[PDB]
Structure formats: structure tokens, C-alpha cells
Protein chains: 2
Amino acid sequence: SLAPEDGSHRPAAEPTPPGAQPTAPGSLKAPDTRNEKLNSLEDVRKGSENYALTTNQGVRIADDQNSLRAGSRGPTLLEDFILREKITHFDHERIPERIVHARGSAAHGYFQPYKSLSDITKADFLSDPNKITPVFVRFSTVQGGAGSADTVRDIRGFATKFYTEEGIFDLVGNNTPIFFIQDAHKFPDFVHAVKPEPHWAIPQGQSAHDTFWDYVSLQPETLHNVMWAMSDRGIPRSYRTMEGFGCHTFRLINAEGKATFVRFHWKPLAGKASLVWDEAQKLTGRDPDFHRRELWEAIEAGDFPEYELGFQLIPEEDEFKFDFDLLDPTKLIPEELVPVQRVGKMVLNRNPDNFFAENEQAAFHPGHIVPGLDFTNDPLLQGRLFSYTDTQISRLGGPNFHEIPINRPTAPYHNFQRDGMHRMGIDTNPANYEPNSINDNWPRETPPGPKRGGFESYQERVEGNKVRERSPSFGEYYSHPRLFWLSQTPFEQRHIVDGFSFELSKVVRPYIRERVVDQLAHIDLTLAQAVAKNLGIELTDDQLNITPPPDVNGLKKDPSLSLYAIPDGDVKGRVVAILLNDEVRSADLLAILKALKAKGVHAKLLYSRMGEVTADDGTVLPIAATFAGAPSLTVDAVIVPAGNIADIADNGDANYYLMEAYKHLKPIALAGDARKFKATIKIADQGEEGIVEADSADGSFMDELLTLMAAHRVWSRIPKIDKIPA
Amino acid sequence: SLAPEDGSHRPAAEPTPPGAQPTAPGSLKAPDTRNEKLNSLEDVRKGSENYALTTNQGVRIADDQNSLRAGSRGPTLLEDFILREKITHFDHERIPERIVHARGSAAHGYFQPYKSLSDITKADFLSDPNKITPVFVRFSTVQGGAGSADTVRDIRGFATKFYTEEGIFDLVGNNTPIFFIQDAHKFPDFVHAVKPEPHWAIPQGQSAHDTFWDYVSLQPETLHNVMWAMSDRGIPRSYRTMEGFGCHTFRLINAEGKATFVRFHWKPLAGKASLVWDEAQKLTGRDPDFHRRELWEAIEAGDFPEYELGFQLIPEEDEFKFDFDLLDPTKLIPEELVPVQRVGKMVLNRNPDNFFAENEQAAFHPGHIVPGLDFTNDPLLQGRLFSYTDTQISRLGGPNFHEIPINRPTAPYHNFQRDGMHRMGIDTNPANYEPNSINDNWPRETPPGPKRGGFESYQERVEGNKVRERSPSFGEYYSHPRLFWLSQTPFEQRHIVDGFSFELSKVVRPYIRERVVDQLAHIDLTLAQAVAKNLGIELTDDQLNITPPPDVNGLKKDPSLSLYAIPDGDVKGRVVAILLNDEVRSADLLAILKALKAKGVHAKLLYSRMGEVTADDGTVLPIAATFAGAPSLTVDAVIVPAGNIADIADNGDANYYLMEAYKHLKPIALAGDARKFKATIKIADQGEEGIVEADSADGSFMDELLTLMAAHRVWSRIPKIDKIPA
Ligand code: HDE
Ligand code: HDE
Ligand SMILES: [S]
Ligand SMILES: [S]
């Protein structure tokens, strides 16, 4: 026995808040959570307790500490098969990462619709509010490698595999409603431009380099998604607090054969929330795994990520009723024009057991549709259909990638396909072709119908010549960027300007920065002047006189485009740093934790060392982390209880903690003598909005702090931060 | 034409300092830097200017902006082969990354010996000081993926491929002289324990997690290399400023067949220098590509990385003359006992053209030796010899990885091996076996001899039974950790304590922390006590009474094991930040830049925005980056000239620049009214060692600053930084 006698090596198999226990594989941490897909993976789950260590051939190993040698200081012998198996498996552990979205984090859950949608789609998973469909969801960045950092500025992927009774449906979305380019033929161009440059393979996880901005300046169709990426949308607080979108118009097909155009939405029920850029960048350094960790810890604590699936629905006869083309994936459909209809709820409630086997090996692909859904001619979607099947032949080693356990349907699958590398299924059918008589033609085709029918494409009319041509209707590039900009709050606008400015400051060739500023002048003059000023660029008289693009279908803003214009805060699952001293006032701490508990807000107790300290009244307080070990970047607010403040008052790290949190617009609360820290962040004696202060930590002190947390950040503080050296 | 009229898109093909020009592929940046290997790659280099865009089959493309569709808003057609080839290639761009050392950065150069070594080795590349051998060198971290950050705390790899006239010799080393484990059979255990944990794949690029310290606590053989990793060895300033080691005793074999034991060394002619932990960690977020960038830019500037190759030579009859086993790779050979003989110099003078083709596909392997070298029974080297050939079969797709251009020998190669995936060589030999008559037995075996002979192993005597057993002589784990400890300066010792303390505070299971502290008590009580205090652990009476391990062959320290005990500073190729204002005193700047140029030190001119400012005398000064865009993390020292200081006096970012540089022990120099900044870093009116100040930037001011820079950091400042909130 190497485990400690008190059993403190094994995490509690029950919900526990972040940091309370070591994290564990999902089937050990939450054995009681189940769904149909988790149950079906049981055949390949492997345990360990009480088993002998063996080769992969089942031979027990006696000594796993030494190679076989001729004498104990001699050479290693070729006959050591146990060594060579073990090192050969090690030597071949890695598979190619995904060409894009290589960095991602995943969990299991389930989906249910609020009511049957049979009047608009025959898709089985949407036919009955009692039908529960297991899901597996992977969130991701786009540009960086599997080993890159989470809180980079980038677009985020949001891919859901629905294991339906009529096949796998993968909804392969992102956290913005559009993409940078119009036609799939340019995807390698755009992706090569944003990826590390090919001579030296720099930079990782960043669009802040010459080739990205060269491409953008030369391809104005990109400006809409670039506006999103440069906003705080590019730096979400959590995968739990971002929106998801299906990116294209698809179709729903009902049993009558009626097509309705649809765009897909995910609404985060935890609300929308983003970091600020200096915080996101610094966090890539202090914890490059912060989003993967926050997602896994949320599920272990029971703060299950929840999302509402929604549909924007457009009748077929309304195809041409807008100012933009519905097939143009650089255009959004404003919610003011077409509201999102709520469809159902998805909950993510179980982590995987083994990251490589369930996360790294999962394959999502938007061609994976089911009866009741269909495509459209969006020319970016159209090319996606080719890529997601193709790429798996190298990434997952061949055409049997659907036999890798996480990718297996739970629906029946039978057909005449055979062989390929890694073939698991042993087919007993006497036939491997159809039509056949020797197996009475089974498995058999199934006609389309209202349920459980075969897939048939909607009979869309096609007319035109074979051309490599962009539709003229896609040739408008500035109105949607302008609608987005005008929909932002003034502080969201400032952060857009600061994102273009920082990024273009990293472009070495100045003419590329000038060309991008020229494009901005076509969108909005105020935005363009503000960026130009930060770059030392002066707009020409011609630039100052560019007519702004038209409004989109009479709209001059749509508030659903803003993260923050309309409050949608939720504090459950947020975290507060509590800065301790060597003689904490226990009554303050009891009131702080009581109020945080009641709203499902977590806490981390921090000090200048590990171990414990003892409160004024003898209560032993266990320290979670040092000030330096768990920086303010990792929390949503900071509370300092009263007590022996002298203990930490001249501690550089403790003062800096509050300066960093202050700069990043987080709520800060100081009780009693902790008010002494007001001097480090230059707060006046009469106080200021966003700093909660009182003689003790209750009556209204925690209500005030929790009201600040529900509004996420203290935006009114922005003018005060440029003066603080932090 | 899309390029700017003024030609400013194209970097000059001359050496230029960092930031002066965009970086470029090495054959375009330095077209006349040549060596036998670079010239031999010309057969596969492809250019681009003035050529038409084609498929891979040579068909010219007319429209590389669109897919082929039926109508300009129609579906994409399967007959679009141009689209499918382009997206197929993109879909399969990625290959598996290296199992370990996936993150690395590489360059070309050459090696030449100082004298003939024929008396001790018949290796041809060491036979004459006129023998110039091309090299390709890849530096790397160990744990993180190819997209992880450079300035993590980790061991670093230093792998050199010598293209000799008698074969490739790969010297595949690290930046410490030992490894964590004794026997190759435990490599996958150790690497699994340091790598991200298997449930959730966290953390990236860090040993600061429970499974690493669990293994270390249970395997005290690891403690010696753990001491090195927790020292500032684990966070080098540059690949140019760290040592390399071949890790194992190999043999040199001379023409007479005499074997001498050898351990290999690389000594950096730029001297030894490392970051401090806070700076390294923050730098992973501010610039995760910092070491890759600094290496590429150094070579572009002509600050070519230079290392001296060195041998520790031990006669065969001296095998048992030490109190440790020469075959145990957890033991170092102290230079006080066996000096390093300096044998030649390697210079890296050219970056690659295409990172993936030359860096990512390069394969190094320590079994790639040449006549005049041989192995020993070191049980970690023995197992390595299996792994480095095996792993390439998945990583590089098959057994023809020596035909990938960067890997090809420049020496002749001819044999009877045939076929394999993507076989390039077309053999004309009528025979593919030997002995054969039908080609008169060619290519033929060559007997061993003094030059141009075949390889024959040294006829070492082997006597023993077939056993899986560790030599009892390997069973001592504490004397080398203690020697290394006692050889460090008092500030290097504090940084080791801090590295253990920070790492163990991130281990969630407290008994693992306790088990590590127990091991520390076996090494040195002062170290053990200092770590324990940071963790809130108290040593037991038994722990306080553990007898220290013995000295190593009577040594109680060896200053060659310290980074800084013996002065070894070189400022050429270092970089200073100069913080501008909107009316700079020009005389200060002329003097600063003149003195920096004379010593080969670079500068970066920083301000609050991009563009330019104008000095008091109307000199226009171009701005390289903002204060926030290029933080103090990225420079060796900071200089603030006089002028309109009030322009920046209340700039939070400018104040913080100096606070962060101060906290990180960097020299800071303040001229005239720039001395008003003393107040932000709490410098007394009378001054402080490490802060250069004068009325102006005269001759003595720069000499003082450059003297501080030769000493790298201001270690005497350490007691003052605890109070600084930065
Ligand atoms: C023609 C335009 C085009 C093309 C060709 C592609 N992409 Fe992807 N994209 C591919 C190609 C690849 C290369 O096949 C790849 C690489 C690995 C793989 O299996 O598929 C992939 C990954 C990917 C994920 C990760 C899924 C996971 O977590 O495993 C997510 C969420 C998205 N995508 C989302 C997405 C949207 C939202 C609408 C839009 C638009 C696009 N993408 C554009 C697009
Ligand atoms: C049994 C003990 C053992 C075993 C089995 C291995 N390692 Fe490695 N190591 C391998 C295995 C692999 C898996 O073959 C792999 C992974 C991909 C590959 O092709 O080779 C590899 C890479 C590697 C590089 C990068 C070279 C480059 O830039 O590509 C460097 C610099 C080092 N190593 C240095 C090193 C030292 C210096 C002493 C010592 C000791 C060891 N290692 C220990 C060791
Ligand atoms: S999209
Ligand atoms: S080693």
C-alpha cells in the first residue's frame, strides 16, 4: 500500500465545489449520472483496482521497474518483449491534431425539446418533449494547437453531437453568427493567413500578425467577423457564458415536404460574459487551461452548463425579402427582423473518463444530418460538406472512425461497407452488396415518410450555368459590420477600438495597418478615427468623406448583438477570492460565506503561504492558494474581511491582487480595517460605485457585492483605470 | 499589383536588428549563407515570384476565389477538382507531434574542431580542424505540445544533427547533465506522470500537478534532475544562454581500438542566463513564442548562437574510481573531478525556409552514431536506442523518413533496403540482397579501419545472468542533489526553494506535499525547512535528525553547477527598452544608442501609441511598440531618457513598466527628469545599486548600465522587491 491510510488520495464521489477535491474521471466522480450514450460506452470502459499489471496480450508482469539485461550492469537484451511493447505503445501515442479547432474541451449531457415541432420538421429528436437525446459537446478555439492556451482572442467553436434514434446529428457551430469568408474554396487561404506564419511558425493562438491583417485588408468580406473577433466576444469568460450559432441557413423539412429556412442558436442560460483583453492575455500565462478547467469544475460542482436551442425561421417564399442574401454566411439575420423561437434545453452534466479517447478522438461534421433537416446552397456550407469526412482519414486513421466508441451512433447502423483499417465490426451478412437475393436483399432501403423513413433531399430547383462565380448579391461588405458597431454599448465600442489597435500595432509592415484603417473608414468614421489615432495615422480628406453604408432593412441597431446592453447576469458558479490575514474576524467570514452559498457563488481562501490560519475566535481556516498562486485573473470579485490587516498591508502580492482586480473592472468589497487597502487603488474617502465598503461584512454589504457581481464588471470604472500602474 | 509602390513589403537581405524588418525565410534573408547541407537542399526548394498558380498536377488556375456551382447561387459541383485538391491537401496538413519535445525551434549552422582528435577517436568529423560539418539544431521543451509556450519551467532539449562525411551523427542532449530516471523501462511512467493528466488533459507545460509530484515522491532517483528543474536552470533566458549535455557516458574509439569513456557538453559562448519565475510565467501569456522568436531574430541580426563542444574523458581503467556509477544517468561527473576538454565550436547562422518541412519533420536519434563513437551499458541510453527509430514510423509515416530532405545524409548511402511508403529513391541495382553475384556483390561491406571503414562495435566483455534488476551501485539518490544544492549562490538557493514551494502548493493532495518535503530532508535540512515553512508543514524530530548524504568524492561543492557563481556575462544580442516621451532630449538618445551599438546591444523605442514622436531638435523618432505591446518581460534592461517627462509621468503603463522590470531584477537607467520615476519604485534620494541615474546620459551613465547588463540581473535587490505591488 502506497495510498495514505486516511483515504485522502480518493476524490469524494459527490458534487463538490471547485478546489475542494482533486478532479477525477467522470464515471468515478459521478457514478450515478447516466444517459443512453454513456450506458452504451460501458463495454469499452476499463477499470484497474485489484487487477494485475499485464502486457497488452494479458501476460502478468513481475518487474515493471527494470529492463532485461545480461548482468545488472549489462546491455539490454532484444528478447525483452515487455519493455519493447511498453515503449512501442508510448512511441505511437500521438495522432494528428485537428487542422483547426485543435484546442478544445468536451463533456457529455442531454437535450430535450420543450414541445413537439412536428408541424415544421420531421426530425425525430424534436418530435416529443419526453424524448431525451444524449449529447457530447466540444468547445474550442480555432487557430492554436491542442497544447495552446484557452483565453486567447479568437473565435470559439461549439460543436454538439446529438445521438438521435434516427442517426447522429452534429450541430457544428461557433460563438459568432457569421464567418470571415463567403466561399469554401478560400478556407485554406484564410486559415493559412491566421495560423502561425510558415517560415518560423509564429504566433500561436493570435491573429495579431501581418499575414492575417494582409488578408483582411485585401478581402473586405472578412470585416464583419473581424468586428466580432475584435470585440469582447473574442475573449469569453467561460464556455458557459457565450452564445453559439450554426453559422448558415439550413432547412427544416416537415412530413408534408414543406421546407422552412432555419438558422440555429444556443442561448447560454448562465448569461453572456467576457473577460477584458489585458486579463485574457495575462491569463493565457497564469493558467493556459482556464476554460478547460472551469468547464470540468463546473460539472463536478453541479453548475451544469445549460443552453437553450433556438431557431430563426424564414419561410421559403421570404428568401429575397431582406437587404442581404440568406445564403451569405458573412451576413447575420438580425433578431429584430426574425426572432429566435425557443426549441429546447441542453444540459452538460458529466465529464469524460479519458480525454484522449472521448475528446481528442471525437469527430463532428455538419454533413451529419437526419431526416427532417437539409442543406441549402450557402457556398461555405457546401464546401464544408467535403472537408469534415475527408479530414478524418488521416486524423483518425481511416474510414472506420464511426467505430471509435465516442463516435458510435446509438441508433442501429447496417450497410454493405466492409474492411478498412481498424475494422471492429464483424459482418455476418452473406452479402456485401445490393441488390442481392442471397440475403433477401437485407439490409433494405426505406422509403421517406413522416417517421423512421429514409433520407431524401428536398427537391430544390437548380438553374444556371456551370460557373466559378460569386453571386452579386454577396457583394456588400460594410453594412453588417456597421450594424454590429452601432449595436454595442460605448464601453464595448472602446474595447473594439482597443482590439484593432493592439492587433495592428503588432503588424510590422505599416502599409497593412493603413489599408485596414481605410477599410474601417468604410464602416464607421468614429471607429476609424479612433483606431487611426492609436496608430499615429491621419485620415485623408477622401477617407473623412466616405458615405456610411446603408442601414440593414431599416435597422440602425439591434441590441441583441451586444453582450451587455440588456442585463442577463447570473452569479451561480462564479467565484470570489477572499484575502485572509493571520487573525481574521470570524463574524465577517461567516456572513460572507453564508451569503455566497445562498447564491451558489464559490470562494477561494488565499494567503501568503499554504497551510491554515486561525481566526480571532479560534476557528481554523484552510488556505486554498497563495496570492501569487491563484491570481485575481481567475476570480470574478475580491473580498477582504477585517482582522489583523497589518499582517498583509505591506505584502506586495496582496496589494497587487486588488490593483489587478481593480484594473480588470471586478467588484471589490472591503470590511472594517480592510478599508485601509483603499489607498492602494486610490479610492476617495466617500467611496465609489463598484467598491463595496462597511464596518462589518453584513446587513447590506453582501447584497451590494452580489448586485455588482450580477452586472459582471464595473464599466463606469473604465475612465479611472489608466492612472493605476498595474 | 498588391505590393506597396515603395517596396516596403520585402525585408532587406542583410543582417538587421530585431524589429527593424519583417522576418523572412532564411534563404531569402541570407541567400549567400551556405554549407554543404543547405546547398544539397536546393533540389527541393521551391520559389514563387513570377510563376502561375497551379494545381499540384501543374494545371493553371484561372479563379482561385470561387467553387464551381450550377448558377452563381447554386450548389457546388462534385466535378470541382480544383476545390477538392486544395481542400484535400489542407485537410491532411497535420502529422502527429513528437511524443515528448513536441515544442521546439531549429536552425542551420556548422561545426568545426579546434584540433585533430585522432589520438582518441577515429570519428572523421573530429579528424582535422579543417573539417567543416553542417549541422541542424533543434532546441525544445519536453512536456508541452507543439502549440504550448516557450518560457515554461521545464527541462530543455538541445539536439544536433551532424552531417558528416561518414554518416549522420545525432547528439541528442538536454540542458541538464542527468535525467530523472535510471532505466528506460520506466520512461512512459515518468512521462505520463509529468504530462497533462489523463482524465482532463491538464496542465499544459507544467510539472506543477499531483501526478508528477506523486511519482517523484515514490521514486527518489528523480530528485537530482528535479533539483535542476526547480532551479532557474528550468527557465532559461534564451536557447543561446543555456548549457547542453549528452546525458550519458558514451565511448570514443580510436584507430588502435582503444575505448575512452566520454560525456558530451555544449558551453554557450553567450554565457549562462535565466529568467525569474514570475517573469517566465507572465511571459508565457505575453509572448508564448518568446524563445522561438529570440532565436530566429538573433540569427537574422548576426548574433549567431555559438557553443563550444566539450568532452569529459575517463580512461577505461578508471570506470570504478568514483563513488557513483559512470553508467547511472541520474549522476553527473563533477568538472572539478573530470574537466571538460574544449574540442570545437558550433555556430548557428541560418534559419529554415519552411518550419514544418525542416523543423517539424526533422528526426534526431542518439543511436545515429558513426565509426569512432560507441555506446555503453547505461540502461537509459540502452532503451533510447529502441525508441527513436520506432517512433518515426507513425510520426513521419514510414521507414523512408531518412529521404525527407532535412534528414538526408550528405555522405553517400547505398544498401539493399527497398520500398516502404512514399519511397523516393529509385534503385537501379539488379540485386536487392547480398551476397549476390548479379551485381558483383555491390554495394559491398567495408572492414573497420582508421578512416572510411565500416562500423564495428567495441568488444566489451559481458558476464552476467539474464536479469531484470537495478545495479546496487545505482541505489544512492541524495548525494548529487545535495552537491548541486551546495554549489548554488544564496539567491539561486532561494529560487529553488520558491520553485518547490510554488509547485507543491498546486498539488491538491496534501500528503504528496508531505512526502516530497520528507525527501527534501534527506538532501539538506535548510532546503527542507524552507519549503516546509512555505507549505505550512513542520518537520518531525526524526526529519530534523536525518544524517546528510556523503560528499561526492570529497567534494562539498562545484561552482561549475551554478548559473552565476562564476561571471560569464555577454551583452551582445541583449535588448533594452527605451521609454520615449513627446519631446525627448535628443542628446541623451544619441549617446544611449551609440554606446549600445558599440557593445552589440539592441534597443526598442516604446511609447503610448504607434507612429512617431519628435525630439527637441526635430529628430523624428519611430515607435516600435506601445508600453503594453512590448512589456518589460521582453527586455534585459530599461532606459528612460530626459525630455517632456510630464507626458508620461502619470501614464499607468509607463509606471508599471518600470515596476515590473524592477521586480524582475533588471537594470534600470534614468536620465535628468526621468529620475522622477524613482518614486514609483521607492528608490531613496541617495540611490541604490542596480539603478543608474545622472543629470544626463553621458559616457559614465552608459558604462555603468552596460556593467549591470554584463551581470544579467541585480540579485542584491531581492530583499526590496517583496514590498513592491507588481
Ligand atoms: C468551408 C468553411 C469551413 C471548412 C472547410 C471547415 N470549417 Fe470548421 N472545420 C473544418 C473545415 C475541418 C478542417 O474539417 C475541421 C477540422 C477538424 C474536423 O474534424 O473538422 C473543422 C473543425 C471545426 C470544429 C471543431 C469540431 C470539434 O470540436 O471537433 C467546429 C466547431 C467547426 N469547425 C465550426 C465551423 C463553423 C461554424 C459554422 C464554420 C462556418 C466552419 N467551421 C468553417 C469551416
Ligand atoms: C529511455 C530514456 C528516453 C527515451 C525512451 C526517450 N527520451 Fe528523449 N525522446 C524519446 C525517447 C523519443 C520518444 O524517441 C523522442 C520523441 C520524438 C522522437 O523522435 O524521439 C525523444 C525526443 C527527444 C529530443 C528532441 C529531438 C528533436 O528535436 O526532435 C531531445 C533533445 C531528447 N529526446 C533528449 C533526451 C535525453 C538527453 C539525455 C535523454 C537522456 C532522453 N531524451 C531520454 C529518453
Ligand atoms: S458560419
Ligand atoms: S541523460
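Residues numbered from 1 in each chain as written, not as in the entry; some residues may be left out. Chains lettered and ligands numbered in written order. Part of a larger assembly, values for the part shown. Heavy atoms only, no water.

- Method of determination for the deposited model, per the PDB record: X-ray crystallography, at 1.4800 Å resolution.

Points about the interface of chain A and chain B
Often the size quoted for an interface is simply the accessible area lost on bringing the parts together.
Here is step 1 of the chain: With 139 residues of chain A in contact, the opposing surface of chain B contributes 135 residues.
Here is step 2 of the chain: For the chain A face of the interface with chain B, the top three residues by lost area are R73(A), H185(A) and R468(A), together amounting to 8%.
Here is step 3 of the chain: Residues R286(B) and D278(A) are paired through a salt bridge, measuring 2.8 Å at the closest nitrogen-oxygen approach.
Here is step 4 of the chain: In the side of chain A that touches chain B, the residues fall into 52 nonpolar, 42 polar and 45 charged. (Contact = heavy atoms within 4.5 Å. Buried area = accessible area lost by both parts, 1.4 Å probe. Salt bridge = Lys/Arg side-chain N within 4 Å of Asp/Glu carboxyl O. Nonpolar A, V, L, I, M, F, W, Y, C, P; charged D, E, K, R; others polar.)

Regarding the site of ligand 1
Here is step 1 of the chain: Near ligand 1 you find 23 residues, and of these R98(A), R138(A), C247(A), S387(A) and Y388(A) are the closest.
Here is step 2 of the chain: This site is not confined to one chain, since residues near ligand 1 come from chains A and B.
Here is step 3 of the chain: Taking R138(A), its side chain carries an N or O atom lying 2.8 Å from an oxygen atom of ligand 1.
Here is step 4 of the chain: Only strand 4 (157–164), strand 5 (167–174) and helix 10 (379–390) of chain A provide two or more residues apiece to the shell around ligand 1.
Here is step 5 of the chain: Among the elements that make up the shell around ligand 1, the one with the highest residue count is helix 10 of chain A (4 residues). (Near = heavy atom within 4 Å. Polar contact = N/O pair within 3.5 Å; in protein donor to acceptor, adjacent residues only side chain to side chain. Helix = DSSP H or I, 4+ residues; strand = E, 2+ residues; numbered from the N terminus.)

A short note on the pattern of salt bridges
Here is step 1 of the chain: Enumeration over the complete set of coordinates arrives at 106 salt bridges over all chains.
Here is step 2 of the chain: The closest approach of N and O atoms between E79(A) and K466(B), which form a salt bridge, is 2.8 Å. With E79(A) in the loop between strand 1 (69–70) and helix 3 (81–91) and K466(B) in strand 12 (residues 466–467), this residue pair bridges two chains.
Here is step 3 of the chain: Overall, the relative accessible area of 45% leaves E79(A) in the partly exposed class.
Here is step 4 of the chain: Among the ionic pairs, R482(A) bridges to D524(A), the shortest N-O distance being 2.8 Å. Of this pair, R482(A) sits in helix 12 (residues 479–487) while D524(A) sits in the loop between helix 14 (510–521) and helix 15 (525–535), placing them 42 residues apart in sequence. (Buried < 20%, exposed > 50% of the residue type's maximum accessible area, 1.4 Å probe, protein only.)

Description of the relation of the copies chain A and chain B
Here is step 1 of the chain: Once chain A has been moved 0.0 Å along the axis and rotated by 180°, it coincides with chain B to within an RMSD of 0.2 Å. Such a combination of rotation and displacement between the chain copies is what one expects of a two-fold axis. The position closest to the rotation axis in chain A is occupied by the C-alpha of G285(A), lying 1.7 Å away.
Here is step 2 of the chain: When you check the interface residues of chain A against chain B, 97% turn up at the interface there too, and the contact is symmetric in its surfaces. (Least-squares fit on C-alpha atoms.)

Some words on the side chain of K131(B)
All names here are of chain B.
Here is step 1 of the chain: Relative to the helices and strands, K131 resides in the loop between strand 2 (104–113) and strand 3 (133–140).
Here is step 2 of the chain: Here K131 falls in the buried class, since its relative accessible area comes to 12%.
Here is step 3 of the chain: A distance of 3.1 Å separates a polar atom in the side chain of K131 from a polar atom in the side chain of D124.
Here is step 4 of the chain: Separated by 3.1 Å, the side chains of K131 and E165 make a polar contact.
Here is step 5 of the chain: Look past the residues within four positions of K131 in its chain and what remains in contact with it is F111, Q112, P113, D124, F125, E165 and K451.

What to know about a negative patch on the surface
Here is step 1 of the chain: Among the surface-exposed residues, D582(A), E583(A), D616(A) and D617(A) lie close enough to one another that they form a single negatively charged patch.
Here is step 2 of the chain: Mapped onto the elements of the fold, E583(A) is located in the loop between strand 13 (575–579) and helix 17 (586–598). (Patch = residues over 30% accessible without salt bridge, like charges linked within 9 Å, V, L, I, M, F, W, Y side chains within 5 Å. Areas by Shrake-Rupley, 256 points an atom, 1.4 Å probe, with all protein chains shown as cover. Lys, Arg positive; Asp, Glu negative; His and termini not counted. Charge placed at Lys NZ, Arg CZ, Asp CG, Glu CD.)

Remarks on the site of ligand 2
Here is step 1 of the chain: By nearness alone, 23 residues border ligand 2, and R98(B), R138(B), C247(B), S387(B) and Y388(B) come closest of all.
Here is step 2 of the chain: Neighbouring residues of ligand 2 are not confined to a single chain but are spread across chains A and B.
Here is step 3 of the chain: In this structure, an oxygen atom belonging to ligand 2 sits 2.8 Å away from a side-chain N or O atom of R98(B).
Here is step 4 of the chain: Taking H101(B), its side chain carries an N or O atom lying 3.3 Å from a nitrogen atom of ligand 2.

Concerning the packing of helix 5 (residues 210–218) of chain B against helix 14 (residues 510–521) of chain B
Residues and elements named next belong to chain B.
Here is step 1 of the chain: Direction vectors running N to C along helix 5 and helix 14 enclose 40°, while the axes themselves pass 9 Å from each other. Judged by the angle between their axes, helix 5 and helix 14 are oblique. With respect to the hand of their crossing, helix 5 and helix 14 are arranged in left-handed fashion. From helix 5, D210, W213, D214, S217 and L218 reach across to helix 14, where they touch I512, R515, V516 and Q519.
Here is step 2 of the chain: Residue composition of the contact of helix 5 with helix 14, grouped by class: 4 nonpolar, 2 polar and 3 charged. (Axes fitted to C-alpha atoms, helices over the stretch in contact; angles between N-to-C directions. Parallel < 35°, antiparallel > 145°, perpendicular 65-115°, else oblique. Left-handed = near helix turned anticlockwise from the far one by under 90°.)

Let's talk about the environment of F356(B)
Residue and element names in this part refer to chain B.
Here is step 1 of the chain: Summarising the element assignment, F356 is placed in helix 9 (residues 355–360).
Here is step 2 of the chain: The class of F356 is partly exposed, set by a relative accessible area of 32%.
Here is step 3 of the chain: In this structure the C-alpha to C-alpha distance between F356 and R94, which are 262 residues apart in sequence, comes to 9.4 Å.
Here is step 4 of the chain: Dropping the residues within four chain positions of it, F356 is found in contact with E93, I95 and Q361.

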